[PDB]
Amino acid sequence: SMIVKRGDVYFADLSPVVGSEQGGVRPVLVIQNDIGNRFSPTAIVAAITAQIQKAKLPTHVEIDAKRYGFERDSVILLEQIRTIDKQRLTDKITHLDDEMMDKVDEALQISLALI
């Protein structure tokens, strides 16, 4: 399988889904550790949306599109995470810096009560 790295953002097809799950083709952020990312057929990712541009919850991290290379201002949803097989991935969009990933890590810890 393709190698990916924590911090990578890829388009992925998350369909089909049930109820309030996030579906469709959308950007996703790789949040699995890099050992699994190297050896496993699967990655763990967080959904990104543009339906909001500002964080509503402490599990949200805003992405400034111009700074980070996105089409529009988006938000990473650390309450919407899932293990996906790498075949769902298509094109790599970008790789987020440490400033962003530190915010992602805090949001993930809150999301999963690891605080």
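In this text, residue numbers run from 1 along the sequence as written.
Relative to one another, 5 to 13 and 91 to 99 have unequal mean CA B-factors, and 91 to 99 is the one with the higher figure. Averaged over CA atoms, B-factors in the entry run higher in 48 to 56 than in the other of 78 to 86 and 48 to 56. Sorting the modelled residues of the chain by their CA temperature factor places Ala113 in the middle third.
Annotation for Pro41: C-alpha temperature factor in the middle third relative to the rest of the modelled chain, per the entry. When the modelled residues of the chain are ordered by C-alpha B-factor, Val61 sits in the middle third.
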